[PDB]
Amino acid sequence: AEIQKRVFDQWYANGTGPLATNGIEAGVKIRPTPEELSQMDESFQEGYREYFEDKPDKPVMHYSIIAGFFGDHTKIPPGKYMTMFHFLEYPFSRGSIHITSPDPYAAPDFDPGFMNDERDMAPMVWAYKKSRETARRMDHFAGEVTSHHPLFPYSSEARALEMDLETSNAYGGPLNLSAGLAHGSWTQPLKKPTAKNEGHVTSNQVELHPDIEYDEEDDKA
Amino acid sequence: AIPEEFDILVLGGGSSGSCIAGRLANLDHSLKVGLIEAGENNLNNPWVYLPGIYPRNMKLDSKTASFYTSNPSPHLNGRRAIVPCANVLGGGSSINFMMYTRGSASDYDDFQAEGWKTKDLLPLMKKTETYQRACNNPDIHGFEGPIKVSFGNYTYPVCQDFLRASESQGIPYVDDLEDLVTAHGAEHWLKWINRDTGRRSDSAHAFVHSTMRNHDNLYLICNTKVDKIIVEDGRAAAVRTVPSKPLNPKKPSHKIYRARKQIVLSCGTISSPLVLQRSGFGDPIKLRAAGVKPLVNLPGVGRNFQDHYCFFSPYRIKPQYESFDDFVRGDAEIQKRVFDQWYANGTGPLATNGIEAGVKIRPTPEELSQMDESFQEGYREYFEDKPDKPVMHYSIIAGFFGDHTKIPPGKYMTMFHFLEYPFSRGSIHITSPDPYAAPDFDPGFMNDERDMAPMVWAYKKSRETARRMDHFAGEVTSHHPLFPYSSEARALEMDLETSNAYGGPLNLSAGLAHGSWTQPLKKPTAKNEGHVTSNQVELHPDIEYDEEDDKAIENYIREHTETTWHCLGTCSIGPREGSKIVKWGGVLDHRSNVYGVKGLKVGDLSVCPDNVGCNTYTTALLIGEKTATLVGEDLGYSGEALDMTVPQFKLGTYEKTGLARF
Amino acid sequence: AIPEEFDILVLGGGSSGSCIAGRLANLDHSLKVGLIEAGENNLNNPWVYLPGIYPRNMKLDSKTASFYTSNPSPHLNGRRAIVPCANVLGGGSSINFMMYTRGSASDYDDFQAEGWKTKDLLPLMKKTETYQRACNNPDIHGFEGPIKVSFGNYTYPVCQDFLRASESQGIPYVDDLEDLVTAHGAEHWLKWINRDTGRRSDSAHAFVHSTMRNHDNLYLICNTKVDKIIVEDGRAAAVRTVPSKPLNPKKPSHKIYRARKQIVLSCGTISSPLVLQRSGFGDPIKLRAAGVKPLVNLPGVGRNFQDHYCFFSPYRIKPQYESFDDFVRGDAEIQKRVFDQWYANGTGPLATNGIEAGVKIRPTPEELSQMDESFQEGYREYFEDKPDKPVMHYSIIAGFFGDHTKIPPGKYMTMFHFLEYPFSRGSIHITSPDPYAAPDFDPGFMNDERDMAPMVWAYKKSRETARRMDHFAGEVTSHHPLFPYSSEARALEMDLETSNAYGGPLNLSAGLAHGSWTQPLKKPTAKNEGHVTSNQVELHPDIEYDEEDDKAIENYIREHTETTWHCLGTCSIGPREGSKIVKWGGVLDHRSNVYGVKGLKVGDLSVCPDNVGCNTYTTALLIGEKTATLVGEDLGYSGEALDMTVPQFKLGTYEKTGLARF
Ligand SMILES: Cc1cc2nc3c(=O)[nH]c(=O)nc-3n(C[C@@H](O)[C@H](O)[C@H](O)COP(=O)(O)OP(=O)(O)OC[C@H]3O[C@@H](n4cnc5c(N)ncnc54)[C@H](O)[C@@H]3O)c2cc1C
Ligand SMILES: Cc1cc2nc3c(=O)[nH]c(=O)nc-3n(C[C@@H](O)[C@H](O)[C@H](O)COP(=O)(O)OP(=O)(O)OC[C@H]3O[C@@H](n4cnc5c(N)ncnc54)[C@H](O)[C@@H]3O)c2cc1C
Ligand SMILES: [Ca+2]
Ligand SMILES: [Ca+2]
Ligand SMILES: [Ca+2]
């Protein structure tokens with residue numbers, strides 16, 4: 001209530017503030033490198049030659065960063081988030097739609113055809129890995145929401161890693177009685193990133209999280 | 001000043017240890033008794049005696065627990081299970097869930113040890129407790145003991161809701177599920193809470209602090225870790241200790257305490273074998289591999305590690321019902337009101353554990369025929385001719401137990417299950433003579449194939465219970481088995497209306513389905529308008545599982561099974577050469593003496609050669625009373641001297657004395 | 001575990017039932033006593049023992065009550081009256097208005113049954129209670145009984161205001177309106193509240209929980225609905241029960257409990273005949289029509305249904321005076337303060353029912369001459385030679401009793417009336433052998449023409465009382481009779497100033513008359529400046545009614561008369577062949593035995609062949625004490641054994657013991 005009040009108050013005052021944006025502030029159009037292509041399904045490699053190779057101005061995937069969680073907040077833990085929003089630019093899949101009766105109110109017979117062509121899978125998988133790597137290299141990054149990520153094998157080194165103990169306590173507040181209560185093993189914690197290079201100028205220092213390697217089980221997930 | 005020499009030395013002041021030290025100090029007040037404990041003193045600490053705040057002890061940064069790591073296990077799909085245990089005076093009793101549960105009569109008979117049969121131990125069971133509730137079978141309960149048990153001073157309404165649901169499943173209500181005989185039933189669950197004061201009942205306050213406040217022969221030595229036991233001429237003569245916090249590496253310190261008459265080791269199932277191994281008791285090859293000179297050949301030390309294997313399954317409750325979720329999340333106003341009520345008169349949510357009802361169950365012959373062949377055979381071998389042993393337990397918690405920062409907002413109830421007599425076995429062993437060093441630990445969770453079927457069975461059973469409760473409003477998908485997305489067995493979340501209720505009137509995303517992260521619960525069946533209103537019901541569908549569903553549940557168990565903190569067996573009572581139940585060799589005789597040395601007993605849960613069908617505080621107390629008696633007899637005491645009554649002001653019942661709480 | 005066979009079985013743990021079960025368990029502690037109850041256990045439930053929250057039990061979605069529907073009635077202008085009753089251990093005593101009221105001496109004499117005369121029952125009346133207030137007639141009150149009665153720990157100022165007003169009407173103040181003789185008077189009204197604890201007094205805590213906490217022979221079986229009673233060789237031998245919630249339709253369950261010595265049926269006036277009818281006791285034609293095989297020809301079962309007929313009339317109070325309206329409406333800060341005071345020391349608004357004063361009245365010969373000829377004749381037949389029987393009761397409630405979402409904001413007081421001895425009669429009968437099935441129900445409210453005049457009379461009387469109270473600030477038009485718009489008898493609302501006071505300083509529509517929804521109260525007469533200030537008054541006008549006004553009041557009664565929850569008579573004591581007061585035939589002999597079977601008694605309000613001039617908890621308790629004594633005698637007990645004293649810690653008065661509340 002209080003945050004909504006302040007956000008509306010600023011907008012009423014002079015039309016500025018969080019109410020005057022969509023929170024979708026940056027994004028990307030991408031094409032695969034020839035090396036990346038060689039790692040994808042043969043079906044999409046062929047699809048790329050047929051559709052994209054002689055059309056150098058067409059992107060294969062888009063994704064952008066949303067300054068919050070887009071989705072149902074009653075089904076995600078408390079705290080603050082950012083969301084990678086991806087979509088496939090030129091799918092090979094096709095669907096159809098047709099009326100069921102002359103009743104104008106009647107629900108149509110609808111087959112959108114999402115992902116029914118095998119060529120459409122590889123770019124999506126590719127984009128998830130790409131945006132995840134982007135996310136882990138952002139200053140904002142503090143962890144991965146396991147319930148809303150691929151269901152990797154539990155002990156895979158590609159698994160989703162949640163915010164650590166200190167961050168959990170920060171979000172839980174000073175009165176919490178269960179932040180960092182690990183019993184149940186519902187999540188696994190992010191490890192500390194690499195240390196800053198003390199021999200560098202402060203504004204060029206970084207703390208890095210590890211790159212992720214995927215095997216076939218991970219890709220399946 | 002703390003003397004350097006005592007008559008009796010008790011190592012570890014936990015659930016058993018504090019009881020043993022307190023009893024022995026009252027055996028004869030000319031006897032000097034020293035109690036050594038690694039954790040902090042708990043005297044009048046609100047973070048110990050206030051029941052309702054108990055979950056914070058299992059935060060990973062908790063000061064009141066140690067968190068032992070273990071080796072990766074393929075049976076847990078690669079997990080290195082974390083096994084917590086208490087790190088504070090009072091041990092487990094200072095930080096536990098406060099569930100009161102007794103084993104079955106056959107459990108102690110099956111120890112196969114003279115003097116440890118239920119018939120022998122029954123008066124010691126009664127000796128410990130004051131049973132502060134209605135009793136239809138007073139012959140097997142105590143009413144004068146220093147440990148007070150009760151239903152607390154608050155009951156969440158999940159209690160009778162759960163009992164109605166479980167009854168409809170063929171699990172009969174009983175007045176007392178802890179009658180040492182019943183293995184299939186449901187009850188209102190008792191607590192280790194004194195209803196007169198609204199405080200937690202722990203071994204330190206009951207046996208130690210009471211004694212020290214009225215006598216002079218009991219000494220308390222906390223923040224002190226036991227390194228090893230020193231043997232002189234075949235007698236346990238001294239103990240080497242180090243500070244629990246090594247704060248001066250430039251010049252490390254240590255102390256030596258001597259015992260004239262008796263040493264009792266009570267450091268718990270995880271730690272007691274480590275002490276013995278550091279003292280030169282164990283497998284000579286392994287001891288030498290860890291840099292310790294062998295003294296006594298006892299390969300059983302650290303072997304036969306047993307536990308109960310548990311898992312938690314949370315459910316959505318309707319917005320009008322109560323839970324402790326906001327309280328443990330850290331809501332300031334709700335915490336303030338809860339504490340204010342307790343300060344006022346010792347009642348309210350702070351004076352309960354929220355674990356209000358539960359179940360002991362055995363499979364029907366039909367249910368058995370649907371399970372793994374391996375467990376069917378295990379059932380014939382272990383359970384069929386032991387009709388008083390339960391296979392699974394589960395109970396209802398009036399809130400989510402777990403990390404609230406990793407679950408959505410709202411209110412919950414949690415099914416808490418554990419396996420009563422696992423076939424799996426583990427082991428533990430020191431890595432070096434460093435008393436601080438982490439041991440090599442394999443708890444052995446689920447490594448025997450027979451242990452999987454009962455757990456799967458229990459999940460399905462408790463889920464059916466949950467869906468038949470009035471409280472039920474949905475299933476938390478992220479914390480349930482990863483069913484195939486479109487399976488009719490999948491977890492179904494709270495519906496649109498309920499989501500909006502929890503989201504509040506200003507929400508902008510409740511019921512925003514895009515992303516398909518969850519699927520909604522459908523409307524239940526309509527009330528029968530031809531029935532009397534109080535008999536009308538709204539029913540959710542029964543669930544059918546195929547092989548893919550069952551596969552999901554199995555992986556769920558493998559990935560979220562934990563210790564239930566009921567670890568036992570690492571210093572098993574039995575023949576030194578071994579036995580069918582103690583294959584690696586016994587560690588203690590039937591008088592709890594360590595083989596190969598004089599004047600040394602072990603008195604904690606490491607003692608048990610086989611498991612018990614219960615939360616293990618009753619077992620710890622029983623072992624404590626028994627061990628104290630054994631020591632007393634050994635030192636030549638008899639008759640009323642063995643009473644070892646501790647100081648206590650008895651309040652009885654209100655209608656008799658007018659002093660107890662109405 | 002709960003035994004399958006008892007010595008004594010009590011069915012229904014209500015106001016009578018809990019009393020009977022508790023007493024009998026203390027008759028002889030070697031006797032196994034089983035108490036079966038359909039509702040939930042009420043042990044230490046704050047929603048039961050906190051007095052001030054009592055209205056929520058009558059919310060239609062309440063868990064603590066059943067809401068029985070009835071057939072449409074032309075006498076109620078087409079209404080199908082809803083008849084609530086308790087659905088919880090303790091029965092009515094767990095959820096009632098807590099009004100303490102005794103009948104007249106002639107009431108029990110007029111039962112025309114041996115051993116049920118007031119002279120016989122008087123020691124049993126005293127036996128139940130501890131009378132925690134000033135007593136000028138201690139010979140007819142008890143001071144050691146387990147049920148404590150008092151004025152609570154808060155008194156709303158409507159008390160003496162009401163008494164001054166009623167005195168000016170010729171209704172004299174008495175120290176005790178419950179002296180079994182006075183039929184025309186006014187008093188400070190007693191409560192079923194223990195002033196020592198500030199808690200409600202109910203039968204379960206007084207008789208059952210106290211006993212179970214100190215003895216082992218009493219067993220409690222809740223959430224269990226009694227289906228039928230099984231007869232073997234002319235003896236009531238067993239009871240078939242089903243769960244109160246049918247949660248498993250695929251395979252419904254049931255239990256059978258056996259009794260060796262005695263079965264007592266105490267399911268209440270509405271439910272007891274249903275149990276008997278399902279057991280084959282009743283009218284063979286009707287039983288067969290309901291699918292039940294007849295066993296005993298007893299056409300009286302379900303007949304002779306009686307009740308008190310009540311209605312509520314709310315009034316505006318001045319903004320400076322107190323009521324429980326904001327509390328009941330759900331104001332957070334006010335609820336917080338009220339609970340905080342109770343937690344602090346058991347005092348404040350939570351420790352009262354807000355029903356502080358009341359009246360028993362008979363018409364003067366002049367008043368009679370103005371009423372219906374039919375009631376004038378009824379008065380000669382029933383009341384004229386019975387000078388101790390009241391005709392109407394009404395009392396003042398310090399707030400609005402009813403749905404606050406359907407009445408304007410502000411503060412209120414409510415006149416609560418009921419008819420003491422209605423001539424109307426109803427009946428009830430099962431529709432099928434299904435224990436859950438709604439019965440065919442005709443309560444018979446107002447179907448006799450003689451019952452209309454007293455109700456009309458009472459409305460006019462209480463309205464006159466209200467208008468002479470200092471609290472009075474207007475009449476709530478929507479909840480009063482629909483007088484002709486311009487009648488001088490019409491309801492007059494609070495005036496402009498008072499409306500603005502309640503509306504607050506920011507209101508934008510208080511006193512906006514457009515629409516003509518209400519008409520305002522005029523200024524009262526001026527104070528007499530020549531009088532001493534404390535004797536000065538401001539008077540509102542007396543009201544004159546014509547035939548159109550009277551017509552409006554009659555329709556008002558027809559449309560808003562309800563059960564007062566005092567239902568009785570469906571298992572009447574009397575000659576099996578019938579009598580003048582039991583026309584359809586008796587169901588029980590003078591020892592409460594059901595005709596045609598051995599070992600079966602009925603012990604609840606269904607027993608009464610004719611009505612009682614009182615709220616019926618005293619009657620329920622009395623029937624309970626009497627029934628317990630009857631059973632005890634039948635089983636061969638005598639003398640002090642028939643005391644059946646239940647466990648209790650007596651506190652007496654403060655000046656004697658120093659233990660009771662000052
Ligand atoms: C969080 C939690 C919840 C639980 N819930 C329940 C429940 O609801 N009901 C129930 O019945 N049981 C419960 N249990 C289990 C509990 O009953 C334990 O089984 C019981 O405390 C075991 O008693 P001990 O064997 O004496 O070991 P304990 O762990 O109780 O005692 C060992 C003591 O020795 C000390 N120690 C260890 N190593 C040492 C060293 N080297 N030097 C000095 N001191 C050392 C420890 O600090 C500890 O105080 C719970 C346990 C935990 C941890
Ligand atoms: C809301 C309310 C307010 C009242 N106000 C007052 C007041 O202020 N003062 C006063 O004196 N009286 C009051 N009364 C009346 C009260 O005293 C009742 O008359 C009294 O409880 C009747 O006692 P019993 O005949 O024992 O029936 P009860 O209704 O008390 O007891 C019957 C019991 O049997 C159980 N039962 C019914 N059918 C069953 C079945 N098939 N199987 C198993 N169990 C079954 C019920 O759950 C109940 O517990 C009030 C009643 C109500 C409901
Ligand atoms: Ca092309
Ligand atoms: Ca066997
Ligand atoms: Ca007459």
Side-chain angles (χ1 to χ4, degrees), chain B residues 2-3 6-27 31-45 47-49 57 63-66 85-96 128 146-147 192 200-213 215 217-227 229 239 241-245 255 257 259 262-272 274-275 435 565 567 571 600-607 616-617 619-628 631 644 646-647:
Chain B
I2 306 292
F6 298 85
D7 289 303
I8 301 177
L9 228 35
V10 179
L11 314 179
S15 297
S16 297
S18 279
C19 165
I20 295 175
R23 288 300 191 195
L24 282 172
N26 284 280
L27 175 63
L31 291 177
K32 261 51 183 164
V33 180
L35 176 55
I36 302 179
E37 163 65 34
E40 286 185 344
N41 193 350
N42 74 336
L43 181 59
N44 294 320
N45 184 2
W47 293 120
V48 168
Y49 69 66
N57 292 295
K63 38 191 306 190
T64 63
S66 301
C85 62
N87 178 48
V88 62
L89 185 66
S93 71
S94 284
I95 61 168
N96 65 27
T128 304
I147 298 279
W192 299 101
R200 165 198 293 279
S201 303
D202 74 83
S203 292
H205 283 95
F207 295 101
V208 173
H209 302 312
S210 60
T211 296
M212 291 187 64
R213 194 199 250 164
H215 300 285
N217 57 307
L218 179 55
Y219 291 81
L220 186 55
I221 313 172
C222 289
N223 301 284
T224 299
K225 184 156 189 170
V226 169
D227 173 18
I229 304 174
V239 183
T241 67
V242 299
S244 54
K245 300 288 187 179
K255 301 200 197 77
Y257 295 94
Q262 181 80 66
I263 297 181
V264 181
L265 178 59
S266 306
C267 283
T269 295
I270 292 171
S271 180
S272 284
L274 306 185
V275 172
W565 310 283
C567 321
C571 300
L600 180 60
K601 294 179 191 299
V602 163
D604 56 35
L605 243 91
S606 67
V607 142
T616 41
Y617 191 16
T619 305
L621 288 166
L622 182 56
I623 288 166
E625 303 280 14
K626 175 63 179 182
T627 302
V631 172
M644 294 152 113
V646 301

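Heavy atoms only: backbone and side chains are in, while hydrogens, waters and symmetry mates are out. Chain A is the first sequence line, chain B the second, and so forth, proteins listed ahead of strands; every chain is numbered from 1.
Inter-residue side-chain proximity for B:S203 and B:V208 is flagged as unmet; no heavy-atom pair is nearer than 4.5 Å. Put simply, the side chain of B:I221 reaches to within 4.5 Å of the side chain of B:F6, judged on heavy atoms.
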Quiz item: Can B:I95 and B:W565 be said to form a side-chain contact (heavy atoms from CB on, under 4.5 Å), step by step?
Solution: CA-CA 11 Å; B:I95 61 168; B:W565 310 283; over 6 Å; no
Quiz prompt | Steps toward side-chain contact (heavy atoms from CB on, under 4.5 Å) verdict (B:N223, B:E40) | solution = CA-CA 5 Å; B:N223 301 284; B:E40 286 185 344; 3.5 Å; yes
Quiz item: Can you list the steps and then say if B:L31 with B:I8 is a side-chain contact (heavy atoms from CB on, under 4.5 Å)?
Solution: CA-CA 7 Å; B:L31 291 177; B:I8 301 177; 4.2 Å; yes
Practice problem: Decide side-chain contact (heavy atoms from CB on, under 4.5 Å) for B:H205 and B:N44; before the verdict, give the C-alpha distance in whole Å, the side-chain angles of both, and the deciding distance to 0.1 Å. | Solution: CA-CA 8 Å; B:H205 283 95; B:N44 294 320; 4.2 Å; yes
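Side-chain atoms of B:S93 do not come within 3.5 Å of backbone N or O of B:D202 as any donor-acceptor pair. No donor-acceptor pair under 3.5 Å is formed between the side chain of B:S244 and the backbone N or O of B:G39. For B:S18 (side chain) and B:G13 (main-chain N/O), a donor-acceptor pair under 3.5 Å exists by modelled atom type. B:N87 places a side-chain N or O within donor-acceptor distance of the main-chain N or O of B:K63, the cut-off being under 3.5 Å.
Going from atom CG of B:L220 over to atom CG of B:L89 covers 5.5 Å, rounded to the nearest 0.5 Å. Considering OG1 of B:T64 and CG of B:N57, their distance stands at 3.5 Å, rounded to 0.5 Å. Remark: B:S94 OG to B:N41 CG distance equals 9.5 Å, nearest 0.5 Å. Atoms CZ and CZ, from B:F207 and B:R23 in turn, are 4.5 Å apart once rounded to the nearest 0.5 Å. The distance from the CD1 atom of B:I270 to the CG atom of B:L605 is 11.0 Å, given to the nearest 0.5 Å. With rounding to the nearest 0.5 angstrom, the CG atom of B:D7 is 11.0 Å from the CD atom of B:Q262.
In plain terms, the two heavy atoms of B:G22 and B:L218 that are nearest each other are CA-CD2, 4.5 Å. In terms of heavy atoms, B:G603 sits closest to B:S266 at O-OG, 2.8 Å. In this structure, B:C267 and B:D604 approach most closely via the heavy-atom pair N-OD2, 3.2 Å. Here the shortest heavy-atom pairing between B:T269 and B:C567 reads OG1-O, 2.6 Å. In this structure, B:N26 and B:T211 approach most closely via the heavy-atom pair ND2-OG1, 3.0 Å. Nearest heavy-atom pair, B:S15 versus B:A620, reported as atom, atom and distance to 0.1 Å: CB-CB, 3.7 Å.
B:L11 pairs with exactly one of B:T224, B:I263, B:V264 by the side chain to side chain contact (heavy atoms under 4.5 Å, CB included) rule, that one being B:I263. Of the candidates B:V602, B:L622, B:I20, B:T627 forms a side chain to side chain contact (heavy atoms under 4.5 Å, CB included) with just one, namely B:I20.
B:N42 and B:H209 form a side-chain donor-acceptor contact under 3.5 Å, judged by distance and modelled atom types alone.
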